[PDB]
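The structure under discussion appears below in the form of structure tokens.
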Amino acid sequence: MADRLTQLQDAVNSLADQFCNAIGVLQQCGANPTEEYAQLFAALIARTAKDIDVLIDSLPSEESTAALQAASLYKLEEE
Amino acid sequence: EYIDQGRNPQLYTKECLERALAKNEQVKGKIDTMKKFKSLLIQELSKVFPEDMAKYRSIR
Amino acid sequence: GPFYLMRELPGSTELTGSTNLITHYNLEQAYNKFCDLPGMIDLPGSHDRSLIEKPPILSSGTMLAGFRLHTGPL
Amino acid sequence: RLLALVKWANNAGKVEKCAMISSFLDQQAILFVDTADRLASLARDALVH
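Chains as they are written, first to last, in the authors' numbering: chain U, 1 to 30, 48 to 96; chain J, 69 to 128; chain S, 63 to 97, 111 to 123, 128 to 139, 146 to 159; chain N, 98 to 146.
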């Protein structure tokens, strides 16, 4: 839908669902397999964390808020 | 029901000891796997925020 | 500075499942011993309604008695 | 049978230790899965709302 809010929300949900199952999965299945999984999981979680940080800068600041937009619309209505 | 068949309890105690030891070994295995997974995820992403890792190491 | 809702972690090593529970519970030498008694029983006797005794155990006038019943020798 | 019982009567310690150790792990086992289930439940329902 090309919306900033949708992308940010989606990333958080994947982390919640992806990490809850993974910790349980680690407990579930026990040499070679345990070590590789640790890296594979850490990798994804790390990637998601980096993505979240990138997303916050993009959103607009406190200035030029909704009230200001309405004010802008006023002058525009006369035009 | 173990006496019903007829056998000394030493074998049963040996079996209990070996099954408890097997449970202890698999618990130790899962513990060390989650410990090494924690260590590898900690060291893998040490660069995301150095201050957070410093505070984590200080608090421990 | 501080993160939201930090708290104190528990005492460094209390009772866990990561310790050797048997050696802490003083049961090591019994295991190191351990790792048929009917046969043990067999050595004392001969061999080892055995169907009847089990059923009796599943649920769970000595002088006068001798005088009362007489068994023919031949 | 009585002799076997009275011989095991002093050998009732190690079996009890093994049983309680197995129960501890079993009792603990319900706890880890329950925590995992709660996390799984939250993602499925709480996130959607």
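Note that CB positions come from ideal geometry on N, CA and C, so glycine has one too.
{"Query": "Interface residues of chain S facing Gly74 of chain J [CB-CB closer than 7 Å]", "Result": "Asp111, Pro113, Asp123"}
{"Query": "Cβ contact (3+ pairs, closer than 8 Å) linking the segment 57-76 of chain U and the segment 5-23 of chain U", "Result": "yes"}
{"Query": "Proximal residues of chain N, C-beta to C-beta of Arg87 of chain J below 8 Å", "Result": "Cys115, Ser119"}
{"Query": "Under 7 Å between C-beta atoms of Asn21 of chain U and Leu144 of chain N", "Result": "no"}
{"Query": "Distance between beta carbons of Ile131 of chain S and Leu100 of chain N, contact taken as under 8 Å", "Result": "So it is not a contact: roughly 18 Å between Cβ atoms."}
{"Query": "Three-state secondary structure (DSSP) of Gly24 of chain U", "Result": "helix"}
{"Query": "Meets three-Cβ-pair contact criterion under 8 Å: the segment 109-119 of chain N and the segment 84-92 of chain J", "Result": "yes"}
{"Query": "Three-state class that DSSP yields for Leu61 of chain U in the structure shown", "Result": "helix"}
{"Query": "Test: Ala2 of chain U CB closer than 7 Å to a CB of chain J", "Result": "no"}
{"Query": "Sufficient close CB pairs (3 or more, under 8 Å) joining the segment 66-75 of chain S to the segment 151-159 of chain S", "Result": "no"}
{"Query": "Proximity winner among S:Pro64, S:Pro135, S:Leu112, S:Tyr87, relative to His122 of chain S (alpha-carbon distances)", "Result": "S:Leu112"}
{"Query": "Cβ of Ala109 of chain N within 7 Å of any chain S Cβ", "Result": "no"}
{"Query": "Any non-hydrogen atom of the ligand MN within 6 Å of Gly110 of chain N CB", "Result": "Looking for the ligand MN in the displayed structure turns up nothing, as the structure carries no ligands at all."}
{"Query": "Below-7 Å beta-carbon distance, residue 114 of chain U vs any chain N residue", "Result": "Outside the shown range of chain U, which is 1 to 96, sits residue 114 of chain U, and nothing can be said about it."}
{"Query": "Cross-chain neighbours of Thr51 of chain U in chain J, by beta carbon under 9 Å", "Result": "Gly97, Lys98, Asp100, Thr101, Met102, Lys104, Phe105"}
{"Query": "CB contact below 7 Å: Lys91 of chain J versus chain N", "Result": "yes"}
{"Query": "Alpha-carbon spacing of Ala92 of chain S relative to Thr85 of chain S, whole angstroms", "Result": "10 Å"}
{"Query": "Proximity test, Cβ basis, 7 Å: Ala106 of chain N and chain U", "Result": "no"}
{"Query": "Terminal residues of the alpha helix (DSSP H) in which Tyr124 of chain J lies", "Result": "118-127"}
{"Query": "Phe129 of chain N to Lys95 of chain S span [Cα, whole Å]", "Result": "34 Å"}
{"Query": "Interface partners of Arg135 of chain N on chain J, CB under 8 Å", "Result": "What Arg135 of chain N touches in chain J: nothing, since even the nearest Cβ is about 18 Å away."}
{"Query": "Extent of the continuous alpha helix (DSSP H) run through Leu130 of chain S", "Result": "129-138"}
{"Query": "Neighbour-count burial assignment, residue 146 of chain J, 16 or more Cβ in a 10 Å radius", "Result": "What is shown of chain J runs 69 to 128, which leaves residue 146 of chain J out entirely."}
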